[PDB]
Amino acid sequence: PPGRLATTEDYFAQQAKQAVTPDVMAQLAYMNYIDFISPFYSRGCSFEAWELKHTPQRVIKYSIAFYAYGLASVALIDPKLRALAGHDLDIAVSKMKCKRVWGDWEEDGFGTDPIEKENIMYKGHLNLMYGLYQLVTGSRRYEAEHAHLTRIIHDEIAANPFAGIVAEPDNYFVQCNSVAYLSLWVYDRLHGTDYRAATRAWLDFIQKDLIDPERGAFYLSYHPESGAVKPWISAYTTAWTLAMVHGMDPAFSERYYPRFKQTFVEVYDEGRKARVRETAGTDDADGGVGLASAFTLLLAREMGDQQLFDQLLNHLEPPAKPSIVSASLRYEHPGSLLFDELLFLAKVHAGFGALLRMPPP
């Protein structure tokens, strides 16, 4: 199609052909090439790459995480790139731990330690990242930290009357929880443990008040003090949660995926393209945080839905005017936050189940 870099057939063939497409390679070059200003230049706490892109500080933790989930799949696709993905993941962990990334926790007034109680959006991502790094590299560099954080998450789940952990105090999100639970499966695979036994209770919990099973859509958020559930449904919330859950209980996500597509996905331009509504009671696409379409593109990949992948990418990429200069990829007009991050991830994503069964080196 016009304005696109490579065929959907090409993206889905990467694992089989044991090589990334030339446009994915040009994204790894943006990530790795230029001294000082590339995001994966060094382990140091410098965020020049994110300053140049105008990434708000609250989002930096999400950007580092999504890069890392992408790099994990790259390690599976081309074993000649596994050592590079490893080095990039070592840097990802190193930068995730800087105060610039987690410091919003202290400034808001919630505490001086980001890993001690609550804050499941930050520490969920960190714990999954610790695990993927060790699956890719076979390095014990972060094992002591990984065991400490895994145990904190296990003890907090055990002690709570609802199934899971909160983000900021009295804010419960199904997305962030999905990341935490997956991080337990990764630890179990590495150590032979059974922390993932908590998962069944969590899956039963989110199916009670936190989902509308007719529409296959989760509600925005839950608040344990009042017991309140915000009465709007969210596409970006649901796309992200179902994608992560597919790697733990594939039957759960397969049950709801069709109703999710019915509820939010708009096909247009005689079936060539698709865009995703963020909530119900509107005609508008990519409202709220504006990430409905981009997370759906990751879900489509996770579920092997070639048709929807192609439709969404035909909507997302061409207007953003991509260009390759000195073998490096840039976008002249990115359409949302986390843009180059989520398109990178969706193009390479091998499935969360596959990342769990990653053959060691």
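Heads up: residue numbers just count along the shown sequence, starting at 1.
Engineer: On average, are the C-alpha B-factors higher in 11-19 or in 337-345?
Structural biologist: 11-19 has the higher mean C-alpha B-factor.
Engineer: Going by the average Cα B-factor in the PDB entry, point out whether 23-31 or 301-309 comes out higher.
Structural biologist: Per the PDB entry, the higher value belongs to 301-309.
Engineer: Tell me which of 124, 164, 287, 103 tops the list for C-alpha B factor in the record.
Structural biologist: In this record, 164 carries the highest C-alpha B-factor of the candidates.
Engineer: Between 129, 153, 85, 98, which carries the biggest CA temperature factor in the record?
Structural biologist: By C-alpha B-factor in the record, 153 ranks first.
Engineer: Going by what the PDB entry lists, where does residue 149 fall on CA B-factor within its chain: lowest, middle or highest third?
Structural biologist: Answer is middle: the recorded C-alpha B-factor places it there.
Engineer: Taking the values exactly as deposited, rank residue 182 by C-alpha B-factor within its chain and report the matching third: lowest, middle or highest.
Structural biologist: Tercile = lowest for this residue's CA B-factor.
Engineer: According to the PDB entry, is the CA B factor of residue 241 in the bottom, middle or top third of its chain, that is, lowest, middle or highest?
Structural biologist: For residue 241, the deposited C-alpha B-factor lands in the middle third.
Engineer: Against its chain's modelled residues, does residue 194's Cα B factor rank lowest, middle or highest third?
Structural biologist: According to the entry, residue 194 has a C-alpha B-factor in the chain's highest third.
Engineer: Which third of the chain holds residue 232 when residues are ordered by C-alpha B factor: lowest, middle or highest?
Structural biologist: Its C-alpha B-factor, which the entry lists for residue 232, ranks in the lowest third among residues of this chain.
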